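Student: Chains as they are written, first to last, in the authors' numbering: chain R, 21 to 88; chain K, 11 to 125; chain G, 2 to 154.
Handing you a structure now.
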Amino acid sequence: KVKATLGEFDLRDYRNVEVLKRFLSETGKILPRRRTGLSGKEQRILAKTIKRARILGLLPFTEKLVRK
Amino acid sequence: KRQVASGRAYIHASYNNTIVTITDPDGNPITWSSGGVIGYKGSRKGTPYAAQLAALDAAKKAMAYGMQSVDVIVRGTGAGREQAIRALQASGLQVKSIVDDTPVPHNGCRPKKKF
Amino acid sequence: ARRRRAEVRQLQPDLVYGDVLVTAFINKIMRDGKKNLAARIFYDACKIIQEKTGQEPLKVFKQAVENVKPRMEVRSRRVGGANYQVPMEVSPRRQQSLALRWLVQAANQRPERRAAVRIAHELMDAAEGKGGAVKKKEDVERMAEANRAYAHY
RNA sequence: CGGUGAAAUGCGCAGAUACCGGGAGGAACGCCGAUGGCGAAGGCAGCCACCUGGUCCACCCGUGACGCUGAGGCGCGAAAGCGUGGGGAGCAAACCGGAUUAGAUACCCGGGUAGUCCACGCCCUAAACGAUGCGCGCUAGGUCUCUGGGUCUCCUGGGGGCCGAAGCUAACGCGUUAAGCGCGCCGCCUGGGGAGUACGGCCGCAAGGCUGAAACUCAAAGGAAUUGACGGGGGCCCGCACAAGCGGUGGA
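Here you go:
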């Protein structure tokens, strides 16, 4: 899980890309709660947060496929 | 002859016909081969064999220009997306890597009846 | 066969040569259980190979069989409200059976008079890779990869 | 190229399709997103800021019964639909053609106008459904979950679910989110069909809507469960039932 392999970080700091990146998939998509390892309230916020970081082009909106 | 080694292989797969198009680094189409172009005319094209042929005959026109390396691109979900790739992976072309950028709308055009 | 694969009948090798392959072939010529007649056919057809070729008929026989065994075949299938010829890798058992049979069906279609004769010639033209025995073989395959457009079922 | 079970209608040598770059515009808003949250309902999902309602918890501080319901009235009221104007990417009644078929005024395919998006104004209906009026008290728990307070491996408040005591129910089911035990207050029912019609009035630009009978006619209409059969429903299993094979009848 991503919460377990990571430390103390602000859920609201929409700039910190070095962190958020771990919350997106191999594609641009946002990890599901099963992955992130977050809570009900926690995820709700990460949603809003990335949705922001995206806009200031710090986080993608979508990626392409890799392995091959 | 025009001598442009190393390029791109766009493979457009559908539920009615799979087509290839080969391009130079910049994104310009060198040679392109469809299914209906081989010889097939209908239900036939969506066959993995059709894709196979589309892909193979598609490299043979590319070696014509001495194409050596290629980055593979795949669009959509068709019957035999696989076969065409696996096809070029043996056509005689060095495959740099496979890429999927199947186009997905973040919700826009209210699609038609059969969704 | 619904409950099991059912065991495969085991035969008694030939009294002459001793290869069951032989006994299997003869069975195929035999009509109306006149197995004493079909026995002869084979033997006298063998003797024709001796006089007409400098080779042991025992060997000739196997190599002839060996050559008509189609390794690819069609088997119709209803998918989409249609008959789709699905080509398929034939098993060991079904080859040997298809061979012997065709060898025969083909033989009796020869212009030749005497039965034993017909076998004799079919047994040779077979090992030489021709006649019809092999033709009824190459034709099926000429459907195998002819409609290989469907080997995905 | 497209599209289908197959196909054709259509689009392409004025060069389509597939591919790169650029520009316009409309609609909608993936993932997160849940068996979740919110709201009186209808309904509500990209992001931001402003304006604004409701609500929950803790403290127990203040007023001092100031409460509940609620005929008529007033406002809100999906979709479609009407007026004026704007807008029009995609979708698409009607309509044009294509194939299917005994035929197809359909189901499938290609086009396509209203419409669908916006503003103002009208319409006001609905499986507008928990098919379950609003408010207060009382009656074992278990578990999942949203959310708040606490001395936070446990306690305590509010919401959404599943199982379940007592109890109830025609039965299915319900069961501290009551269909339980009780009080208040409003609405509505009183055999089916005829009818949500007729007539009358009200409302509306129109489409229509609200209210709403009877004659006649039938002995039922109706709910839930049972047992069966049956399904071009499901799972599983058999037989020379198919397959595989040999041999035949159909011919004379």
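The beta carbon of each residue, even a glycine, is placed where N, CA and C say it ideally should be.
1) Going along chain K, which residues have a C-beta under 8 Å from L79(R)?
2) Please report the straight-line C-alpha distance between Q64(G) and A128(G), rounded to a whole angstrom.
3) At a CB-CB cut-off below 7 Å, which residues of chain K make contact with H153(G)?
4) Considering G60(R), what are the terminal residues of the alpha helix (DSSP H) in which it resides?
5) With DSSP as the reference, identify every bridge partner of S79(K), one or two as the case may be.
6) Pick helix, strand or coil for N117(K), following the three-state DSSP scheme.
7) Thinking C-alpha only, which one of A7(G), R4(G) and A150(G) is nearest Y85(G)?
8) In chain order, what residues of the same chain have a beta carbon less than 6 Å from the beta carbon of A65(K), not counting five sequence neighbours either side?
9) Would you mind reading off the limits of the alpha helix (DSSP H) that contains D34(K)?
10) Give, in chain order, every residue of the segment 69-96 of chain K whose Cβ lies closer than 7 Å to some Cβ of chain G.
11) Within 9 Å of any Cβ in chain K, is that where the Cβ of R149(G) sits?
12) When we look at the beta-carbon of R18(K) and count the other beta-carbons within 10 Å, is it buried (16 or more) or exposed?
13) What do you get for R91(K), buried or exposed, if any count of 16 or more other CB atoms within 10 angstroms of its CB means buried?
14) What does the alpha-carbon distance come out to for the pair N27(K) and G46(K)?
15) DSSP three-state label for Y25(K), please.
16) Does the CB of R12(K) have a neighbour CB from chain G at under 9 Å?
17) What are the start and end residues of each continuous alpha helix (DSSP H) run of 4 or more residues lying completely inside the segment 42-94 of chain K, in chain order?
18) Counting contacts by CB-CB distance shorter than 9 Å, is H22(K) in contact with chain R?
19) Taking 9 Å as the threshold (beta carbon to beta carbon), is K68(R) in contact with chain K?
20) Would you decide whether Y154(G) is buried or exposed? Buried here means 16 or more other CB atoms lie within 10 Å of its CB.
21) Whose Cβ in chain G lies nearer than 8 Å to the Cβ of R54(K)?
22) To the nearest angstrom, how far is it from the Cα of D111(K) to the Cα of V105(G)?
23) Helix, strand or coil: how does DSSP classify residue 126(K) here?
24) Please identify, using Cβ separations under 7 Å, the residues of the segment 106-117 of chain K that lie next to chain R, in order along the chain.
25) Assess contact between the segment 87-107 of chain G and the segment 21-30 of chain G, defined as three or more Cβ pairs (one per stretch) separated by less than 8 Å. Is contact present?
26) Just to make sure I have the definition right: I need the residues of chain K whose C-beta is within less than 7 Å of the C-beta of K88(R). Which are they?
27) Give me the chain K residues within the contact set of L85(R), using Cβ-Cβ distance strictly less than 7 Å, ordered along the chain.
Tutor: Working from what's here:
1) Per Cβ cutoff of 8 Å: no residues; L79(R) is ~15 Å from chain K at best.
2) 6 Å
3) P58
4) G60 to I75
5) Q104(K)
6) coil
7) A150(G)
8) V30, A94, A97 and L98
9) It is not in any alpha helix (DSSP H) - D34(K) instead sits in the beta strand (DSSP E) that spans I29 to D34.
10) none
11) yes
12) buried
13) buried
14) 7 Å
15) coil
16) no
17) 58-70
18) no
19) no
20) exposed
21) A150
22) 59 Å
23) Absent from the model: residue 126(K). The displayed extent of chain K is 11 to 125, so no value can be given.
24) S107, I108, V109, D110 and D111
25) yes
26) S107 and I108
27) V109 and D110
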